[PDB]
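Chains as they are written, first to last, in the entry's author numbering: chain H, 2 to 217; chain 9, 1 to 37; chain K, 2 to 177; chain M, 1 to 144.
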Amino acid sequence: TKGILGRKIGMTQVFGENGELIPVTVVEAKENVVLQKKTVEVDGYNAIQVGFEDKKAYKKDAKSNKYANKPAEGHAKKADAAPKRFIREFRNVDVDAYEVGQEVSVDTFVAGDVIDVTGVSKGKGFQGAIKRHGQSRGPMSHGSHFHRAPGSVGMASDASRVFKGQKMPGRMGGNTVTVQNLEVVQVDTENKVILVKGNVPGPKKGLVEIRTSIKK
Amino acid sequence: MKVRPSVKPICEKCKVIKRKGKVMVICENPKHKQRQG
Amino acid sequence: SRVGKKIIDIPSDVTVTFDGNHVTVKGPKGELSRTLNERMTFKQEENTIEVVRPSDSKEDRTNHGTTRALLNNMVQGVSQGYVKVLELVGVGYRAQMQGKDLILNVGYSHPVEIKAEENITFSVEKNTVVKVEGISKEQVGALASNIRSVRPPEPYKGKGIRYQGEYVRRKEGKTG
Amino acid sequence: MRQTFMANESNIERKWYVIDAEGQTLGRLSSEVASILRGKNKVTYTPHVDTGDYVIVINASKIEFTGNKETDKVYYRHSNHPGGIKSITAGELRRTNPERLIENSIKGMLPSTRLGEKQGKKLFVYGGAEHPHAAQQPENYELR
RNA sequence: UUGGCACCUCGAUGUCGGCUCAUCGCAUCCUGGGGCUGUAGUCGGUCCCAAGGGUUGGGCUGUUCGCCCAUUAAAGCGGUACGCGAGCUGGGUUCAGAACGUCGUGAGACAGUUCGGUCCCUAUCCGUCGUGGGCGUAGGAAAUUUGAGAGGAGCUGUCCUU
RNA sequence: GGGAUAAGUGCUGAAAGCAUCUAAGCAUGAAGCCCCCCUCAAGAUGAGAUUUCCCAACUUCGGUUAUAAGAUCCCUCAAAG
Ligand SMILES: [Mg+2]
Ligand SMILES: [Mg+2]
Ligand SMILES: [Mg+2]
Ligand SMILES: [Mg+2]
Ligand SMILES: [Mg+2]
Ligand SMILES: [Mg+2]
Ligand SMILES: [Mg+2]
Ligand SMILES: [Mg+2]
Ligand SMILES: [Mg+2]
Ligand SMILES: [Mg+2]
Ligand SMILES: [Zn+2]
Numbered sequence: 002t003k004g005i006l007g008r009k010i011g012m013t014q015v016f017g018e019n020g021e022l023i024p025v026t027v028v029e030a031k032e033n034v035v036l037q038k039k040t041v042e043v044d045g046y047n048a049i050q051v052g053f054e055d056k057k058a059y060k061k062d063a064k065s066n067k068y069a070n071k072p073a074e075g076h077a078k079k080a081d082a083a084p085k086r087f088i089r090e091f092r093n094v095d096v097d098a099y100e101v102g103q104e105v106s107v108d109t110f111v112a113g114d115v116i117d118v119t120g121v122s123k124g125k126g127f128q129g130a131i132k133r134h135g136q137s138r139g140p141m142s143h144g145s146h147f148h149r150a151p152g153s154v155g156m157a158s159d160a161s162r163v164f165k166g167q168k169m170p171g172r173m174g175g176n177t178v179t180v181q182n183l184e185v186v187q188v189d190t191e192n193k194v195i196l197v198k199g200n201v202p203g204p205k206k207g208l209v210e211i212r213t214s215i216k217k
Numbered sequence: 001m002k003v004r005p006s007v008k009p010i011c012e013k014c015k016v017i018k019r020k021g022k023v024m025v026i027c028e029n030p031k032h033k034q035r036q037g
Numbered sequence: 002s003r004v005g006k007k008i009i010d011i012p013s014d015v016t017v018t019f020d021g022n023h024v025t026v027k028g029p030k031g032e033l034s035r036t037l038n039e040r041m042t043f044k045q046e047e048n049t050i051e052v053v054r055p056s057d058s059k060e061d062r063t064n065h066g067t068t069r070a071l072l073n074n075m076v077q078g079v080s081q082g083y084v085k086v087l088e089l090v091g092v093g094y095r096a097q098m099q100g101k102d103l104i105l106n107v108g109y110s111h112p113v114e115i116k117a118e119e120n121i122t123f124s125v126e127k128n129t130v131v132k133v134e135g136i137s138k139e140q141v142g143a144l145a146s147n148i149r150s151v152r153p154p155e156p157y158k159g160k161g162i163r164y165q166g167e168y169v170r171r172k173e174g175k176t177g
Numbered sequence: 001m002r003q004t005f006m007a008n009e010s011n012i013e014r015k016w017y018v019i020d021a022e023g024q025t026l027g028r029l030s031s032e033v034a035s036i037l038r039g040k041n042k043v044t045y046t047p048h049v050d051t052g053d054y055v056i057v058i059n060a061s062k063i064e065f066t067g068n069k070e071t072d073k074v075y076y077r078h079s080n081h082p083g084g085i086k087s088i089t090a091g092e093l094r095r096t097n098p099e100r101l102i103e104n105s106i107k108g109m110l111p112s113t114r115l116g117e118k119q120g121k122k123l124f125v126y127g128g129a130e131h132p133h134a135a136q137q138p139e140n141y142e143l144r
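Spelled out as structure tokens, the structure:
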């Protein structure tokens, strides 16, 4: 069981061995370092904390997240690493196989590996029931004054309320999503990229987490 | 299995027993298996 | 309870020792240990044992009977053991031993493997007579039940796995 | 002439007790513990103030039921979502969360008031024979 | 369900059907597990467990029903103000026009028919869907987190081989 | 895939010398139950955990102070709205 963090670069395609067209997502996964090692003894569970994508060193009057603050710098310097942009834990890996400070190269994965990919899906802002919940429209003609409304929200005296879970307009997307059983099509160690079969959640430049697929 | 409120012997080989709180008939003849309900 | 009142004969080679409720019986074939009803007393004679119940209540009579029966079963199991014999009916229905486990081929598209358990021995004769031998009467019965439930007897031709002495009701399958 | 003593925070002394659930009947232990938590055993009992004592219950996993309650006493709860009933038998709850079993049985015998909630907060339940409150120097308490 | 009663509402509790959105029961239509069979097999019959999910498009009619066409694993039965008109429609039905049959001397009338015929409301509270601020969490902070709980999901055809 | 079950299927077994799936005891057994899979989640006031960062003066010596780490105002923006 393996894990790594990258950035979604974009989609493209490759031709397989029989000429089949394989859509792929390019994930750039450079600069992964084991920052912390969590154990049952100290933390109560086993996991490796991985930091991804070096950021700049601490400076006095930093005004953005580009520069590490002192807490983050101390945390990373404990691992001996440069401060990192994204930090995520992998509980699915065997901690005994990792050392704090160790590099996690794209080569940990091999072509054919089946993987789960997790990301934050693209945001859509405030959306209505048709888009957000895929509901049916009312008639567009024949006297209708019901086109994109969400429909009845309850019944009557029984129950004199709307039940929790009613589907209504609201903010759409920006949710953690895991797509299961994708495949590693190619690993390019020179460019530090993984070609994953299919599409993965999130915008371009978005953080993606690749793990060995839980189901097998 | 016959499930019915009236459970009783159908032939001389039927045997009235009680299992798990339920009156039943067991018999060599499978047609005569009964369970009260 | 006549069964409860009845005394258990111990063969000279069989030794029964009690530890409170828990009892254990050793003999030529093996050792059997179990915990008996805590409210039953035991008169341990040199050559025999007797179960004694405190009262004549319903519960005491039931437990006296069952305790006597269980202890006698343990003694006879260590002495002589217990055996259950099944037979296979149906052309092509066969059994064989894959070492200690028993593999059956009974009209399925795959063989069925039954893994032997501790203190139990399977033996196949003529490829169509399985016998389970053990010291635990209960264990022997359970494993024989599993073997037979792999494919029990169907009524129209008797095919399947049956106990050798079992009577299988027969039906006239086809009529005009 | 009005002369009834009224306890208040200046003169209330709360002790710590330990009660062993092992071999005890759930409801009977619970009613007694509730009395202790409410302070009903003190001659200075004052309804508008917490005069009760702290209780630690140990060996909650060894509490016992009569009859067929182990499989037939069912605890229901509702998630406030349509169709959101969830149930657990008393035996299953004793296996998986005896602390909650004892806590809930006892807290069902305390009033649903602010003071009742506060008083129920003075209960500590543990499935095993150890508790982490040796600092409070609790005394063993014999039921009945 | 058809009714009986006349207890809430006549300083108004909108009424059929459909649309949108569901939610619950099980007396279960399919799928899952069984017993019996006048169960050879393939199919069936009947009963028991089981409510997780699933349970179709059209023709006619305002229709609900119902019949029909063609499918499907199946085309379940009920409750929720015969769920849902401050969410939609407004074809039926009980305003004013007109007409036929009928009754009536007549004015008119008919759970007879026919053609036509105004559906208002800027959400205060609870409720529900999202999204911020405060304070708390016994110092002030940046990250990574356990998971008590909660929600989601949960369906199935056909073919090949044996 | 796992655990516990329903209807069932049994093993051993007396009450009741027999019989009996049941009383004690031991198995097995559903798309169902609890998990396993996905998501939210410590206002879980029971407010949890780990790593890292900051750490002095003045004081009616209770306390205060602006500062520290840090975060903002304001400004350029978008993958967010
Ligand atoms: Mg439409
Ligand atoms: Mg319009
Ligand atoms: Mg009858
Ligand atoms: Mg009024
Ligand atoms: Mg039912
Ligand atoms: Mg109404
Ligand atoms: Mg209605
Ligand atoms: Mg309304
Ligand atoms: Mg009209
Ligand atoms: Mg006339
Ligand atoms: Zn009979």
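Backbone N, C-alpha and C define an ideal beta-carbon position, used for all residues, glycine too.
Is the Cβ of residue i closer than 8 Å to any Cβ of chain M?
i                : result
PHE110 (chain H) : no
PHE91 (chain H)  : no
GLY166 (chain H) : yes
Does chain H have any CB closer than 8 Å to the CB of residue i?
i               : result
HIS81 (chain M) : yes
May I ask you to report which of helix, strand or coil DSSP gives residue i?
i                   : result
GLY120 (chain H)    : strand
residue 1 (chain H) : In the structure as shown, chain H starts at 2 and stops at 217, and residue 1 (chain H) therefore has no counterpart that could be examined.
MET75 (chain K)     : helix
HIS78 (chain M)     : strand
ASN182 (chain H)    : strand
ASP159 (chain H)    : coil
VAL107 (chain K)    : coil
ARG2 (chain M)      : coil
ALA135 (chain M)    : coil
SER87 (chain M)     : strand
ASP95 (chain H)     : coil
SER34 (chain K)     : strand
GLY161 (chain K)    : strand
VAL35 (chain H)     : strand
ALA80 (chain H)     : helix
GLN103 (chain H)    : coil
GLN24 (chain M)     : coil
Compute the minimum distance between the beta carbon of residue i and the heavy atoms of ligand 3, and state whether it is under 7 Å.
i               : result
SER13 (chain K) : no
Comparing the CB of residue i with every heavy atom of ligand 11, is any distance shorter than 7 Å?
i               : result
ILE10 (chain 9) : yes
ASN73 (chain K) : no
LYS13 (chain 9) : yes
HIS32 (chain 9) : yes
Using only the heavy atoms of ligand 2, determine whether one of them is closer than 7 Å to the beta carbon of residue i.
i                : result
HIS148 (chain H) : yes
Could you check if residue i belongs to the surroundings of ligand 1, using beta carbon to heavy atom distance under 7 Å?
i                : result
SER137 (chain H) : yes
Report back the beta-carbon spacing between residue i and residue j to the nearest angstrom; my notes put them in contact at under 8 Å.
i                : j               : result
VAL141 (chain K) : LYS59 (chain K) : Going by Cβ atoms, the distance from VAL141 (chain K) to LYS59 (chain K) rounds to 31 Å, so no, they are not a contact pair.
Answer yes if the region 17-32 of chain K comes into contact with the region 75-82 of chain K, meaning at least three C-beta pairs across the two stretches below 8 Å, and no otherwise.
Touching, yes, given that three or more Cβ pairs across the two stretches are closer than 8 Å.
Can we say the region 88-99 of chain M touches the region 148-162 of chain K, given the rule of at least three CB pairs closer than 8 Å?
Counting Cβ pairs under 8 Å, fewer than three are found: no touch.
Is it the case that the region 133-152 of chain K contacts the region 104-112 of chain K, given that we only count it when at least three CB pairs across the two stretches are under 8 Å?
By the C-beta criterion, the region 104-112 of chain K is judged to be in contact with the region 133-152 of chain K, since at least 3 inter-stretch pairs fall below 8 Å.
Can at least three beta-carbon pairs, one atom from the region 1-18 of chain M and one from the region 39-47 of chain M, be found at a separation below 8 Å?
With a cut-off of 8 Å, the region 39-47 of chain M and the region 1-18 of chain M count as touching, because enough Cβ pairs lie within range.
For the region 110-120 of chain H against the region 178-187 of chain H, do three or more pairs of beta-carbon atoms, one drawn from each stretch, fall closer than 8 Å, so that the two count as touching?
Under the Cβ criterion (8 Å, minimum of three pairs), the region 110-120 of chain H counts as touching the region 178-187 of chain H.
Could you tell me whether the region 3-15 of chain H touches the region 201-214 of chain H, where touching means 3 or more Cβ pairs closer than 8 Å?
The region 3-15 of chain H, when compared against the region 201-214 of chain H, does touch it at the 8 Å Cβ threshold.
Are there three or more Cβ pairs, one per stretch, closer than 8 Å when the region 165-173 of chain K is compared with the region 23-32 of chain M?
Cβ pair count under 8 Å is below three, so no.
Segment contact, 8 Å Cβ cut-off, at least three pairs: the region 9-18 of chain K with the region 119-128 of chain K:
No contact exists between the region 9-18 of chain K and the region 119-128 of chain K.
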